[PDB]
Structure formats: C-alpha cells, structure tokens
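Listing of model_38.cif; format and content: mmCIF, C-alpha atoms.
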```
data_target
loop_
_atom_site.group_PDB
_atom_site.id
_atom_site.type_symbol
_atom_site.label_atom_id
_atom_site.label_comp_id
_atom_site.auth_asym_id
_atom_site.auth_seq_id
_atom_site.Cartn_x
_atom_site.Cartn_y
_atom_site.Cartn_z
ATOM 1 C CA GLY T 309 18.091 34.172 -81.980
ATOM 2 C CA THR T 310 17.985 31.527 -84.706
ATOM 3 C CA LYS T 311 15.645 30.628 -87.565
ATOM 4 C CA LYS T 312 12.658 32.920 -87.000
ATOM 5 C CA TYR T 313 9.603 34.169 -88.895
ATOM 6 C CA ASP T 314 9.058 37.563 -90.522
ATOM 7 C CA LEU T 315 6.095 38.954 -88.582
ATOM 8 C CA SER T 316 6.618 42.422 -90.056
ATOM 9 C CA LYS T 317 3.377 42.077 -92.021
ATOM 10 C CA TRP T 318 0.905 40.851 -89.399
ATOM 11 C CA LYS T 319 -2.173 42.582 -87.980
ATOM 12 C CA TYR T 320 -3.561 43.163 -84.489
ATOM 13 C CA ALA T 321 -6.251 40.533 -85.034
ATOM 14 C CA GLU T 322 -3.741 38.116 -86.552
ATOM 15 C CA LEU T 323 -1.348 38.196 -83.599
ATOM 16 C CA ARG T 324 -4.073 38.415 -80.960
ATOM 17 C CA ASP T 325 -6.233 35.792 -82.666
ATOM 18 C CA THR T 326 -3.239 33.617 -83.533
ATOM 19 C CA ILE T 327 -2.150 33.705 -79.895
ATOM 20 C CA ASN T 328 -5.711 33.051 -78.731
ATOM 21 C CA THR T 329 -6.319 30.438 -81.431
ATOM 22 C CA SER T 330 -2.831 28.959 -81.783
ATOM 23 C CA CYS T 331 -0.499 27.485 -79.167
ATOM 24 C CA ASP T 332 2.813 27.460 -81.006
ATOM 25 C CA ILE T 333 5.086 28.602 -78.192
ATOM 26 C CA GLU T 334 7.531 29.775 -80.850
ATOM 27 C CA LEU T 335 4.948 32.000 -82.522
ATOM 28 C CA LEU T 336 3.636 33.080 -79.126
ATOM 29 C CA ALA T 337 7.127 34.312 -78.259
ATOM 30 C CA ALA T 338 7.680 36.067 -81.589
ATOM 31 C CA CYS T 339 4.114 37.361 -81.539
ATOM 32 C CA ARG T 340 4.520 38.878 -78.081
ATOM 33 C CA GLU T 341 7.965 40.290 -78.861
ATOM 34 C CA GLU T 342 6.744 41.981 -82.043
ATOM 35 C CA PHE T 343 3.563 43.147 -80.319
ATOM 36 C CA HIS T 344 5.589 44.868 -77.600
ATOM 37 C CA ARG T 345 8.225 46.288 -79.937
ATOM 38 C CA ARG T 346 5.520 47.887 -82.064
ATOM 39 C CA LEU T 347 4.408 49.649 -78.885
ATOM 40 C CA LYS T 348 7.870 50.472 -77.548
ATOM 41 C CA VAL T 349 9.722 51.302 -80.763
ATOM 42 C CA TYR T 350 8.235 52.561 -84.027
ATOM 43 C CA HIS T 351 10.618 51.338 -86.722
ATOM 44 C CA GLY A 9 -0.174 6.798 -96.089
ATOM 45 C CA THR A 10 3.468 5.710 -96.126
ATOM 46 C CA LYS A 11 6.346 5.618 -93.646
ATOM 47 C CA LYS A 12 5.477 6.594 -90.075
ATOM 48 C CA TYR A 13 7.176 9.304 -88.014
ATOM 49 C CA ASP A 14 10.064 9.062 -85.553
ATOM 50 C CA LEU A 15 8.421 10.262 -82.339
ATOM 51 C CA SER A 16 11.540 9.418 -80.339
ATOM 52 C CA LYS A 17 12.381 13.069 -79.693
ATOM 53 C CA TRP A 18 8.854 13.507 -78.343
ATOM 54 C CA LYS A 19 7.784 13.446 -74.691
ATOM 55 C CA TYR A 20 5.186 11.565 -72.650
ATOM 56 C CA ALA A 21 3.058 14.674 -72.137
ATOM 57 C CA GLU A 22 3.242 15.604 -75.818
ATOM 58 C CA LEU A 23 2.293 12.139 -77.060
ATOM 59 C CA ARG A 24 -0.512 11.697 -74.533
ATOM 60 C CA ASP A 25 -1.646 15.285 -75.023
ATOM 61 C CA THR A 26 -1.641 14.803 -78.790
ATOM 62 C CA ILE A 27 -3.936 11.797 -78.419
ATOM 63 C CA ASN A 28 -5.946 13.806 -75.887
ATOM 64 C CA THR A 29 -5.901 17.055 -77.878
ATOM 65 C CA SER A 30 -5.317 15.968 -81.486
ATOM 66 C CA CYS A 31 -7.433 14.238 -84.127
ATOM 67 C CA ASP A 32 -5.463 12.279 -86.718
ATOM 68 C CA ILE A 33 -5.697 8.507 -87.050
ATOM 69 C CA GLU A 34 -2.198 8.730 -88.524
ATOM 70 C CA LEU A 35 -0.656 10.517 -85.545
ATOM 71 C CA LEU A 36 -2.808 8.540 -83.121
ATOM 72 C CA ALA A 37 -1.340 5.349 -84.572
ATOM 73 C CA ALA A 38 2.230 6.652 -84.507
ATOM 74 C CA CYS A 39 1.756 7.940 -80.963
ATOM 75 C CA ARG A 40 0.196 4.660 -79.856
ATOM 76 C CA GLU A 41 3.115 2.859 -81.498
ATOM 77 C CA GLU A 42 5.941 4.717 -79.789
ATOM 78 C CA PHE A 43 3.830 4.536 -76.626
ATOM 79 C CA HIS A 44 3.538 0.751 -76.797
ATOM 80 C CA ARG A 45 7.203 0.435 -77.734
ATOM 81 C CA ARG A 46 8.335 2.368 -74.669
ATOM 82 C CA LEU A 47 6.531 -0.329 -72.685
ATOM 83 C CA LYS A 48 7.932 -3.182 -74.775
ATOM 84 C CA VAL A 49 11.359 -1.525 -74.817
ATOM 85 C CA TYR A 50 13.648 -2.203 -71.858
ATOM 86 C CA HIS A 51 17.417 -2.604 -72.162
ATOM 87 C CA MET X 201 -3.236 16.514 -58.968
ATOM 88 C CA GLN X 202 -0.005 18.105 -60.197
ATOM 89 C CA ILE X 203 -0.003 20.162 -63.399
ATOM 90 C CA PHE X 204 2.942 21.830 -65.135
ATOM 91 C CA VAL X 205 3.072 25.271 -66.749
ATOM 92 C CA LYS X 206 5.599 25.947 -69.503
ATOM 93 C CA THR X 207 6.602 29.594 -69.898
ATOM 94 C CA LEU X 208 7.816 31.414 -73.002
ATOM 95 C CA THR X 209 11.561 31.124 -72.416
ATOM 96 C CA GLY X 210 11.144 27.571 -71.125
ATOM 97 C CA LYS X 211 10.821 28.019 -67.364
ATOM 98 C CA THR X 212 8.297 25.429 -66.183
ATOM 99 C CA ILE X 213 6.158 25.666 -63.043
ATOM 100 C CA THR X 214 4.573 22.797 -61.108
ATOM 101 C CA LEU X 215 1.341 23.485 -59.216
ATOM 102 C CA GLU X 216 -0.791 21.151 -57.105
ATOM 103 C CA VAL X 217 -4.481 21.253 -58.024
ATOM 104 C CA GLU X 218 -7.606 19.140 -58.524
ATOM 105 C CA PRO X 219 -9.836 18.419 -61.574
ATOM 106 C CA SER X 220 -12.395 20.728 -59.947
ATOM 107 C CA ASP X 221 -9.947 23.631 -59.671
ATOM 108 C CA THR X 222 -11.121 26.536 -61.819
ATOM 109 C CA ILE X 223 -8.803 27.963 -64.471
ATOM 110 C CA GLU X 224 -9.164 31.352 -62.788
ATOM 111 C CA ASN X 225 -7.926 29.679 -59.608
ATOM 112 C CA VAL X 226 -4.816 28.364 -61.348
ATOM 113 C CA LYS X 227 -4.049 31.745 -62.900
ATOM 114 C CA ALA X 228 -4.282 33.243 -59.416
ATOM 115 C CA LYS X 229 -1.756 30.731 -58.095
ATOM 116 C CA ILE X 230 0.702 31.589 -60.862
ATOM 117 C CA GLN X 231 0.240 35.280 -60.088
ATOM 118 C CA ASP X 232 1.286 34.506 -56.517
ATOM 119 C CA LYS X 233 4.400 32.777 -57.849
ATOM 120 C CA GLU X 234 5.681 35.091 -60.583
ATOM 121 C CA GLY X 235 4.084 38.521 -60.967
ATOM 122 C CA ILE X 236 1.831 38.329 -64.025
ATOM 123 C CA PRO X 237 -1.692 39.657 -63.226
ATOM 124 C CA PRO X 238 -4.641 37.401 -64.218
ATOM 125 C CA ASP X 239 -5.861 39.789 -66.914
ATOM 126 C CA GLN X 240 -2.325 39.357 -68.255
ATOM 127 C CA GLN X 241 -2.465 35.554 -68.288
ATOM 128 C CA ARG X 242 -3.656 32.949 -70.787
ATOM 129 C CA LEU X 243 -3.519 29.165 -70.432
ATOM 130 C CA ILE X 244 -3.286 27.144 -73.643
ATOM 131 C CA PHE X 245 -3.241 23.336 -73.622
ATOM 132 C CA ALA X 246 -2.273 22.428 -77.185
ATOM 133 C CA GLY X 247 -4.389 24.580 -79.496
ATOM 134 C CA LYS X 248 -6.915 24.922 -76.674
ATOM 135 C CA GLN X 249 -7.416 28.230 -74.874
ATOM 136 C CA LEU X 250 -8.818 27.551 -71.405
ATOM 137 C CA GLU X 251 -11.675 29.772 -70.240
ATOM 138 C CA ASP X 252 -11.642 31.631 -66.924
ATOM 139 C CA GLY X 253 -15.028 30.114 -66.051
ATOM 140 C CA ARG X 254 -14.145 26.428 -66.407
ATOM 141 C CA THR X 255 -12.423 23.632 -64.472
ATOM 142 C CA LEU X 256 -9.368 21.505 -65.227
ATOM 143 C CA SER X 257 -12.000 18.813 -65.787
ATOM 144 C CA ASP X 258 -13.758 20.648 -68.613
ATOM 145 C CA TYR X 259 -10.654 20.017 -70.721
ATOM 146 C CA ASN X 260 -9.703 16.494 -69.657
ATOM 147 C CA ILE X 261 -6.546 18.104 -68.276
ATOM 148 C CA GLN X 262 -5.207 15.120 -66.342
ATOM 149 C CA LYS X 263 -2.045 15.002 -64.234
ATOM 150 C CA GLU X 264 1.388 16.027 -65.499
ATOM 151 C CA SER X 265 -0.307 18.239 -68.088
ATOM 152 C CA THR X 266 1.919 20.878 -69.684
ATOM 153 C CA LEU X 267 0.009 24.164 -69.862
ATOM 154 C CA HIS X 268 1.447 26.800 -72.191
ATOM 155 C CA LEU X 269 1.376 30.127 -70.347
ATOM 156 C CA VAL X 270 1.054 33.203 -72.572
ATOM 157 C CA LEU X 271 0.997 36.856 -71.529
ATOM 158 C CA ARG X 272 -2.484 38.050 -72.480
ATOM 159 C CA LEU X 273 -1.767 41.358 -74.210
ATOM 160 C CA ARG X 274 -4.185 44.289 -74.222
ATOM 161 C CA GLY X 275 -6.877 44.885 -76.839
ATOM 162 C CA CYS X 276 -10.245 46.428 -75.989
ATOM 163 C CA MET Z 101 -29.094 5.782 -86.578
ATOM 164 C CA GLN Z 102 -26.240 3.819 -88.145
ATOM 165 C CA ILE Z 103 -22.714 5.080 -87.461
ATOM 166 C CA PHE Z 104 -19.252 3.949 -88.562
ATOM 167 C CA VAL Z 105 -16.273 3.514 -86.234
ATOM 168 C CA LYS Z 106 -12.790 3.508 -87.757
ATOM 169 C CA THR Z 107 -10.156 1.548 -85.845
ATOM 170 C CA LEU Z 108 -6.398 2.077 -85.698
ATOM 171 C CA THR Z 109 -5.346 -0.501 -88.283
ATOM 172 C CA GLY Z 110 -8.168 0.553 -90.608
ATOM 173 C CA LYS Z 111 -10.982 -1.849 -89.736
ATOM 174 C CA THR Z 112 -14.339 -0.068 -89.553
ATOM 175 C CA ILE Z 113 -17.332 -1.118 -87.450
ATOM 176 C CA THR Z 114 -21.007 -0.365 -88.078
ATOM 177 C CA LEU Z 115 -22.941 0.332 -84.872
ATOM 178 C CA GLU Z 116 -26.674 1.039 -84.688
ATOM 179 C CA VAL Z 117 -27.559 3.847 -82.278
ATOM 180 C CA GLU Z 118 -29.643 6.996 -81.838
ATOM 181 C CA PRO Z 119 -28.814 10.721 -81.362
ATOM 182 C CA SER Z 120 -29.875 10.179 -77.739
ATOM 183 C CA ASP Z 121 -27.215 7.509 -77.210
ATOM 184 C CA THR Z 122 -24.519 8.272 -74.647
ATOM 185 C CA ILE Z 123 -20.916 7.925 -75.804
ATOM 186 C CA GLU Z 124 -20.664 5.587 -72.821
ATOM 187 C CA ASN Z 125 -23.380 3.345 -74.248
ATOM 188 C CA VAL Z 126 -21.538 3.230 -77.566
ATOM 189 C CA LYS Z 127 -18.191 2.410 -75.974
ATOM 190 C CA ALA Z 128 -19.966 -0.488 -74.277
ATOM 191 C CA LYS Z 129 -21.347 -1.771 -77.577
ATOM 192 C CA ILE Z 130 -17.788 -1.837 -78.911
ATOM 193 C CA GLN Z 131 -16.545 -3.658 -75.814
ATOM 194 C CA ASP Z 132 -19.014 -6.413 -76.681
ATOM 195 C CA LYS Z 133 -18.073 -6.584 -80.361
ATOM 196 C CA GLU Z 134 -14.291 -6.512 -79.970
ATOM 197 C CA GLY Z 135 -12.778 -6.703 -76.487
ATOM 198 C CA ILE Z 136 -11.602 -3.179 -75.688
ATOM 199 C CA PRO Z 137 -13.051 -1.983 -72.329
ATOM 200 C CA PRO Z 138 -14.659 1.504 -72.175
ATOM 201 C CA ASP Z 139 -12.029 3.162 -69.978
ATOM 202 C CA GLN Z 140 -9.703 1.965 -72.743
ATOM 203 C CA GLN Z 141 -11.597 3.824 -75.472
ATOM 204 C CA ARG Z 142 -11.809 7.336 -76.910
ATOM 205 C CA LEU Z 143 -13.974 8.448 -79.835
ATOM 206 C CA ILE Z 144 -13.062 11.474 -81.956
ATOM 207 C CA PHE Z 145 -15.356 13.351 -84.349
ATOM 208 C CA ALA Z 146 -15.308 16.600 -86.327
ATOM 209 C CA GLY Z 147 -11.777 16.810 -84.945
ATOM 210 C CA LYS Z 148 -13.002 16.844 -81.345
ATOM 211 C CA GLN Z 149 -12.759 14.306 -78.526
ATOM 212 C CA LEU Z 150 -16.110 12.964 -77.317
ATOM 213 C CA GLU Z 151 -16.912 12.856 -73.601
ATOM 214 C CA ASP Z 152 -18.436 9.885 -71.788
ATOM 215 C CA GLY Z 153 -21.157 11.924 -70.071
ATOM 216 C CA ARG Z 154 -22.489 13.187 -73.407
ATOM 217 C CA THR Z 155 -24.661 12.013 -76.308
ATOM 218 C CA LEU Z 156 -24.088 11.670 -80.047
ATOM 219 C CA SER Z 157 -26.468 14.558 -80.727
ATOM 220 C CA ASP Z 158 -24.392 16.733 -78.399
ATOM 221 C CA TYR Z 159 -21.788 16.587 -81.172
ATOM 222 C CA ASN Z 160 -23.952 16.941 -84.278
ATOM 223 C CA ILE Z 161 -23.040 13.323 -85.003
ATOM 224 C CA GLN Z 162 -25.618 12.415 -87.644
ATOM 225 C CA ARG Z 163 -25.923 9.143 -89.554
ATOM 226 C CA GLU Z 164 -23.054 7.546 -91.460
ATOM 227 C CA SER Z 165 -20.669 9.437 -89.180
ATOM 228 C CA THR Z 166 -17.020 8.368 -89.058
ATOM 229 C CA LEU Z 167 -15.895 8.063 -85.432
ATOM 230 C CA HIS Z 168 -12.160 7.692 -84.799
ATOM 231 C CA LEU Z 169 -11.706 5.015 -82.133
ATOM 232 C CA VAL Z 170 -8.519 5.363 -80.076
ATOM 233 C CA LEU Z 171 -7.283 3.065 -77.310
ATOM 234 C CA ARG Z 172 -6.969 5.294 -74.248
ATOM 235 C CA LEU Z 173 -3.540 4.275 -72.960
ATOM 236 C CA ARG Z 174 -3.798 4.048 -69.173
ATOM 237 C CA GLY Z 175 -0.682 5.032 -67.233
ATOM 238 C CA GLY Z 176 0.008 8.683 -66.436
#
```

Starting from the coordinates I provided, produce the structure as structure tokens.
Amino acid sequence: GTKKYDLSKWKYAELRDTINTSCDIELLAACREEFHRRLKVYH
Amino acid sequence: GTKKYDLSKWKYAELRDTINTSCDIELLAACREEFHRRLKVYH
Amino acid sequence: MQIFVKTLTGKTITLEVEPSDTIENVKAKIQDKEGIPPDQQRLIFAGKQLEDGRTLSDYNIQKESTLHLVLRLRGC
Amino acid sequence: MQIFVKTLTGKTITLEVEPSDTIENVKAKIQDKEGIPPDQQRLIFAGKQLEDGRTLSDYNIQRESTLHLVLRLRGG
C-alpha cells in the first residue's frame, strides 16, 4: 500500500470500461479491489 | 520537442511493445534510440 | 512461440503457443494452470483488449509478449 | 492519391499511390527511395499500426495522409 488513487467516486461503466479500455495494471488492481469491496463491504 | 526520455528503467518487451502498440514519433524515436544503444553498448 | 502473462500482483506465467492459437485457447490454458474461469479472464496487451474470437496473429503478438491478465468482473 | 510519410528524424516523403494500394506495395516504394527493406518498416496512422496484408483504404487513409514510418527492429 503506497501512493494510490481515490476511486471512491467512480461508476460501474467507468471501472468496467476503464478496465476493458485501459491496461494500467495499477488501475486494474485498484479497480478490481474497489469493485469487489463495494460488493463485499458497504462503507 | 526538447530533451528525450531516459528509457533505461524500461524493458525489452515494453520498448518493443510500445513500438508495436504505441503511436508517437517521439516515443518511437526514444525507444529506437535506447534500442540501438543497447546494441552499440557493450562493456 | 512462448508468450508471458503478467498477473495483478506480479506473478508472471509462460505458455507455449503459436501465432494461430486462439485467445480463447490461451485463456483455457491459464484456467488449467491457476483457477480463473474463462468468463473471468481478460487479456490486455498494452491498451489492447484481445477478443475471444481472434488469434495471437490478429494482434501482432510476437514471442516474449507480456500479456496483462485481468479478472473479468461481472456485469450483464 | 498522394500521401506523406514522416521519418524518424523528421524528413517527410511524398509517395503517389491509390486507396487500393497494399501497405506492402508502399513499403516497397520506400525501399526504392531510401534503402530500408520492407521487413524493416512499419507504418502508423490514426494511431494504429498498419498491416502488410492490407490496403490504404482499409484504414480510411485518404489523400495528404501523414504516415509514421518506423524501422521495425528485428531481434526478439
């Protein structure tokens, strides 16, 4: 955990599209982690 | 256009990929430079 | 040919294939290695999402190519 | 159809062709002008690499199009 991005204001299309349109491993990791969390947790 | 980029921390796959997946005369030149150097460089 | 597959954490995977090999075929191989189902797989070669109905030749994916593996999340 | 080809240094080259011209035919024309063999070439347009088994029209490459010429480094 070091120098990350605040993805607490993204949308389903953004993450999904960004992951399907982008290739930034970093984002992909943070995008997947936030995507899951949102499902697992709720705060 | 001014001052190139130090692509020393880059990798063979990245450089090649970039030239095979990127479109930027600037990068292409820098990549081709470091690429040629690696061949002309031998301690 | 021998292509590499970089994971999220950093774990890379080397797989032997041919320019004709179909992306879907590669995904299947990975599934036999790790445990990620195809539907839950997505190959990205530098801002380039590979289709499941194409070949490693339809992307100029030569040898020693690093393929970014991403877990295809659900949707609809 | 006249098209422009930007080199690495910055030297451009005007080549006369037609929408039905194969990227391979163009690469050859350049090999005659300069001295770079086809296999050692790679044209880029609209931010997309052009294939050898394709035509200019297959890329919406109209007239006065700027094609980025890159020397395909052979090795890997």

- Separation of CA of residue 334 in chain T and CA of residue 150 in chain Z, in Å?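 Atom-to-atom, CA of residue 334 in chain T to CA of residue 150 in chain Z, that is 29.2 Å.
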
- Query: With all C-alpha atoms paired in order, what RMSD does the least-squares fit of chain A onto chain T leave?
  - Reply: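 Between chain T and chain A, the C-alpha RMSD is 1.8 Å.
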
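Near residue 139 in chain Z, within 9 Å and counting all atoms listed in the file, sit residues 127, 171, 172 and 174 of chain Z, not including residues fewer than 4 positions from it in the same chain.
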
Selection dump of the PyMOL selection byres ((chain Z and resi 116) around 8), as a short mmCIF file (atom, residue, chain, number, x, y, z; two decimals) with C-alpha atoms, in the frame of the given file:
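To be explicit, this is the file written out as part13.cif:
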```cif
data_model
loop_
_atom_site.label_atom_id
_atom_site.label_comp_id
_atom_site.auth_asym_id
_atom_site.auth_seq_id
_atom_site.Cartn_x
_atom_site.Cartn_y
_atom_site.Cartn_z
CA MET Z 101 -29.09 5.78 -86.58
CA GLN Z 102 -26.24 3.82 -88.14
CA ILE Z 103 -22.71 5.08 -87.46
CA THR Z 114 -21.01 -0.36 -88.08
CA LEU Z 115 -22.94 0.33 -84.87
CA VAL Z 117 -27.56 3.85 -82.28
CA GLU Z 118 -29.64 7.00 -81.84
#
```

- Task: Decode the PyMOL selection byres ((chain X and resi 201) around 7) for the given file into explicit residues and return them as a VMD selection string.
- Result: chain X and resid 202 to 203 216 to 218 263

- Query: Mind telling me what the PyMOL selection byres ((chain X) within 9 of (chain A)) catches here, as a PyMOL selection string?
  - Reply: chain X and resi 245-248+260-261+264-266

- Message: At a cut-off of 12 Å, which residues of chain Z touch chain X? Count all atoms listed in the file and give the answer as number ranges by chain.
- Response: Z: 142, 148-153, 174-176
